[PDB]
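Coordinates as given in protein.pdb (PDB, C-alpha atoms):
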ATOM      1  CA  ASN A   1       3.289  -5.487  54.274  1.00  0.00           C
ATOM      2  CA  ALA A   2       0.428  -7.463  52.731  1.00  0.00           C
ATOM      3  CA  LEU A   3      -0.986  -4.325  51.125  1.00  0.00           C
ATOM      4  CA  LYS A   4       2.464  -3.377  49.831  1.00  0.00           C
ATOM      5  CA  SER A   5       2.957  -6.808  48.272  1.00  0.00           C
ATOM      6  CA  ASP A   6      -0.411  -6.624  46.500  1.00  0.00           C
ATOM      7  CA  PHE A   7       0.489  -3.142  45.237  1.00  0.00           C
ATOM      8  CA  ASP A   8       3.777  -4.299  43.722  1.00  0.00           C
ATOM      9  CA  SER A   9       2.167  -7.294  42.033  1.00  0.00           C
ATOM     10  CA  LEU A  10      -0.492  -5.085  40.418  1.00  0.00           C
ATOM     11  CA  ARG A  11       2.271  -2.728  39.275  1.00  0.00           C
ATOM     12  CA  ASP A  12       3.988  -5.592  37.436  1.00  0.00           C
ATOM     13  CA  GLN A  13       0.720  -6.634  35.805  1.00  0.00           C
ATOM     14  CA  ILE A  14       0.503  -3.140  34.306  1.00  0.00           C
ATOM     15  CA  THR A  15       3.787  -3.748  32.470  1.00  0.00           C
ATOM     16  CA  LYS A  16       2.501  -7.067  31.174  1.00  0.00           C
ATOM     17  CA  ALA A  17      -0.718  -5.508  29.866  1.00  0.00           C
ATOM     18  CA  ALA A  18       0.999  -2.565  28.190  1.00  0.00           C
ATOM     19  CA  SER A  19       3.639  -4.729  26.530  1.00  0.00           C
ATOM     20  CA  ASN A  20       1.066  -7.083  25.001  1.00  0.00           C
ATOM     21  CA  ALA A  21      -1.012  -4.318  23.322  1.00  0.00           C
ATOM     22  CA  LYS A  22       0.047  -5.094  19.754  1.00  0.00           C
ATOM     23  CA  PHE A  23      -1.776  -5.822  16.491  1.00  0.00           C
ATOM     24  CA  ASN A  24       0.409  -7.790  14.042  1.00  0.00           C
ATOM     25  CA  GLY A  25       3.619  -6.372  15.448  1.00  0.00           C
ATOM     26  CA  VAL A  26       2.585  -2.714  15.714  1.00  0.00           C
ATOM     27  CA  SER A  27       1.335  -0.803  18.727  1.00  0.00           C
ATOM     28  CA  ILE A  28      -0.023   2.650  19.478  1.00  0.00           C
ATOM     29  CA  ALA A  29       0.246   2.227  23.259  1.00  0.00           C
ATOM     30  CA  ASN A  30       3.384   0.262  24.231  1.00  0.00           C
ATOM     31  CA  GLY A  31       5.697   3.259  23.744  1.00  0.00           C
ATOM     32  CA  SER A  32       7.659   1.839  20.799  1.00  0.00           C
ATOM     33  CA  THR A  33       6.823   4.708  18.418  1.00  0.00           C
ATOM     34  CA  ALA A  34       5.677   8.306  18.646  1.00  0.00           C
ATOM     35  CA  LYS A  35       2.935   8.144  16.000  1.00  0.00           C
ATOM     36  CA  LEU A  36       1.330   5.963  13.376  1.00  0.00           C
ATOM     37  CA  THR A  37       0.315   7.310   9.981  1.00  0.00           C
ATOM     38  CA  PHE A  38      -2.508   5.725   8.017  1.00  0.00           C
ATOM     39  CA  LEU A  39      -3.448   6.465   4.434  1.00  0.00           C
ATOM     40  CA  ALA A  40      -5.917   9.287   3.847  1.00  0.00           C
ATOM     41  CA  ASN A  41      -6.080   9.508   0.041  1.00  0.00           C
ATOM     42  CA  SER A  42      -4.692   8.004  -3.138  1.00  0.00           C
ATOM     43  CA  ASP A  43      -1.755  10.429  -3.243  1.00  0.00           C
ATOM     44  CA  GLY A  44      -0.418   8.910  -0.027  1.00  0.00           C
ATOM     45  CA  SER A  45      -1.279  11.785   2.297  1.00  0.00           C
ATOM     46  CA  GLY A  46      -1.461  10.617   5.880  1.00  0.00           C
ATOM     47  CA  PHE A  47      -3.966  10.369   8.700  1.00  0.00           C
ATOM     48  CA  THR A  48      -1.734  10.681  11.765  1.00  0.00           C
ATOM     49  CA  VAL A  49      -2.595   9.115  15.118  1.00  0.00           C
ATOM     50  CA  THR A  50      -0.461  10.331  18.006  1.00  0.00           C
ATOM     51  CA  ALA A  51       0.798   7.514  20.214  1.00  0.00           C
ATOM     52  CA  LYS A  52      -0.490   7.386  23.799  1.00  0.00           C
ATOM     53  CA  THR A  53       1.976   5.446  25.935  1.00  0.00           C
ATOM     54  CA  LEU A  54       0.346   3.229  28.580  1.00  0.00           C
TER      55      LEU A  54
ATOM     56  CA  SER B   1      -4.745   4.177 -65.334  1.00  0.00           C
ATOM     57  CA  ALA B   2      -1.362   3.149 -63.951  1.00  0.00           C
ATOM     58  CA  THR B   3      -1.675   5.836 -61.286  1.00  0.00           C
ATOM     59  CA  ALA B   4      -5.090   4.517 -60.271  1.00  0.00           C
ATOM     60  CA  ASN B   5      -3.786   0.940 -60.123  1.00  0.00           C
ATOM     61  CA  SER B   6      -0.913   1.914 -57.848  1.00  0.00           C
ATOM     62  CA  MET B   7      -3.337   3.104 -55.127  1.00  0.00           C
ATOM     63  CA  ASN B   8      -3.864  -0.551 -54.186  1.00  0.00           C
ATOM     64  CA  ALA B   9      -0.359  -0.567 -52.683  1.00  0.00           C
ATOM     65  CA  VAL B  10      -1.130   2.650 -50.787  1.00  0.00           C
ATOM     66  CA  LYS B  11      -4.237   1.053 -49.298  1.00  0.00           C
ATOM     67  CA  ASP B  12      -2.244  -2.038 -48.334  1.00  0.00           C
ATOM     68  CA  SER B  13       0.285   0.137 -46.510  1.00  0.00           C
ATOM     69  CA  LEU B  14      -2.349   2.089 -44.584  1.00  0.00           C
ATOM     70  CA  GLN B  15      -4.049  -1.133 -43.469  1.00  0.00           C
ATOM     71  CA  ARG B  16      -0.678  -2.493 -42.333  1.00  0.00           C
ATOM     72  CA  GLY B  17      -0.208   0.607 -40.206  1.00  0.00           C
ATOM     73  CA  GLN B  18      -3.617   0.184 -38.623  1.00  0.00           C
ATOM     74  CA  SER B  19      -2.733  -3.427 -37.742  1.00  0.00           C
ATOM     75  CA  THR B  20       0.564  -2.388 -36.137  1.00  0.00           C
ATOM     76  CA  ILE B  21      -1.196   0.201 -33.997  1.00  0.00           C
ATOM     77  CA  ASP B  22      -3.853  -2.375 -33.027  1.00  0.00           C
ATOM     78  CA  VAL B  23      -1.178  -4.674 -31.634  1.00  0.00           C
ATOM     79  CA  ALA B  24       0.374  -1.775 -29.724  1.00  0.00           C
ATOM     80  CA  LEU B  25      -2.983  -0.835 -28.173  1.00  0.00           C
ATOM     81  CA  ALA B  26      -3.558  -4.437 -27.117  1.00  0.00           C
ATOM     82  CA  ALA B  27      -0.199  -4.384 -25.337  1.00  0.00           C
ATOM     83  CA  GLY B  28      -1.036  -1.001 -23.815  1.00  0.00           C
ATOM     84  CA  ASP B  29      -4.154  -2.336 -22.118  1.00  0.00           C
ATOM     85  CA  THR B  30      -1.962  -4.865 -20.292  1.00  0.00           C
ATOM     86  CA  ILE B  31       0.609  -2.240 -19.383  1.00  0.00           C
ATOM     87  CA  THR B  32      -1.874   0.286 -17.964  1.00  0.00           C
ATOM     88  CA  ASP B  33      -3.523  -2.433 -15.865  1.00  0.00           C
ATOM     89  CA  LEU B  34      -0.131  -3.507 -14.522  1.00  0.00           C
ATOM     90  CA  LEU B  35       0.776   0.085 -13.667  1.00  0.00           C
ATOM     91  CA  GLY B  36      -2.465   0.577 -11.754  1.00  0.00           C
ATOM     92  CA  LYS B  37      -1.739  -2.535  -9.720  1.00  0.00           C
ATOM     93  CA  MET B  38       1.815  -1.343  -9.019  1.00  0.00           C
ATOM     94  CA  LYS B  39       0.492   1.992  -7.782  1.00  0.00           C
ATOM     95  CA  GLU B  40      -1.758   0.112  -5.377  1.00  0.00           C
ATOM     96  CA  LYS B  41       1.261  -1.890  -4.157  1.00  0.00           C
ATOM     97  CA  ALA B  42       3.394   1.201  -3.491  1.00  0.00           C
ATOM     98  CA  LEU B  43       0.471   2.978  -1.834  1.00  0.00           C
ATOM     99  CA  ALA B  44      -0.066   0.062   0.542  1.00  0.00           C
ATOM    100  CA  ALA B  45       3.667  -0.232   1.249  1.00  0.00           C
ATOM    101  CA  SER B  46       4.013   3.419   2.236  1.00  0.00           C
ATOM    102  CA  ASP B  47       1.908   2.801   5.380  1.00  0.00           C
ATOM    103  CA  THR B  48       4.143   2.519   8.460  1.00  0.00           C
ATOM    104  CA  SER B  49       1.764   0.304  10.444  1.00  0.00           C
ATOM    105  CA  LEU B  50       2.711  -2.704   8.307  1.00  0.00           C
ATOM    106  CA  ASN B  51       5.046  -5.321   9.730  1.00  0.00           C
ATOM    107  CA  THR B  52       8.157  -6.398   7.836  1.00  0.00           C
ATOM    108  CA  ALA B  53       6.624  -9.506   6.272  1.00  0.00           C
ATOM    109  CA  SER B  54       3.702  -7.597   4.740  1.00  0.00           C
ATOM    110  CA  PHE B  55       6.055  -4.955   3.373  1.00  0.00           C
TER     111      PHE B  55
END

Please re-express this file's structure in structure tokens.
Amino acid sequence: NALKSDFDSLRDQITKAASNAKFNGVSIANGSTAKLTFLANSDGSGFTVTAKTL
Amino acid sequence: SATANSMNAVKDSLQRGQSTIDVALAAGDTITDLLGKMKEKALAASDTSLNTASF
């Protein structure tokens, strides 16, 4: 039972860590979006980064 | 002689036209600078990683 209680507490800390992974309101790892697109040239063509949910 | 004297008015008119175009080119420098800045604004705003306040 002690090992099971430690396991569950570490599992909740994972949710805390993943939910706080934001930079000025945007995240590539908290699951809130499927991709982010950054500017690649002056015409506005994108540099996509696929989201990796954690 | 009267024909030669009337060329002074023609010269006055051509100089007036050059002055009008000079004022338009001075305004056009301002307008092209403003348009370049607006293009930079729209280019920055098209990024989706901005939060609402920056947009």

Q. Using only C-alpha atoms, which of B:12, B:45, B:2, B:50 sits nearest residue 23 in chain A?
A.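 Under the stated criterion, the closest residue is B:50.
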
(Q) Excluding residue 52 in chain A and its own-chain neighbours fewer than 4 positions away, which residues fall within 10 Å of it when counting all atoms listed in the file? Please give them as a ChimeraX atom specification. (A) /A:27-31,33-35

Q) Expressed in Å to a single decimal, how great is the separation between CA of residue 17 in chain A and CA of residue 53 in chain A? A)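 Separating CA of residue 17 in chain A from CA of residue 53 in chain A is a distance of 11.9 Å.
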
(Q) Show me, as a ChimeraX atom specification, every residue of chain A with an atom at most 10 Å from chain B, counting only C-alpha atoms. (A) /A:23-28,35-39,41-46

**Q.** Computed interatomic separation between CA of residue 15 in chain A and CA of residue 51 in chain A (Å)
**A.**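 Between these atoms lies a distance of 16.9 Å.
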
(Q) Report, in Å to a single decimal, how far apart CA of residue 50 in chain A and CA of residue 13 in chain A are. (A)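 Going from CA of residue 13 in chain A over to CA of residue 50 in chain A, I get 24.6 Å.
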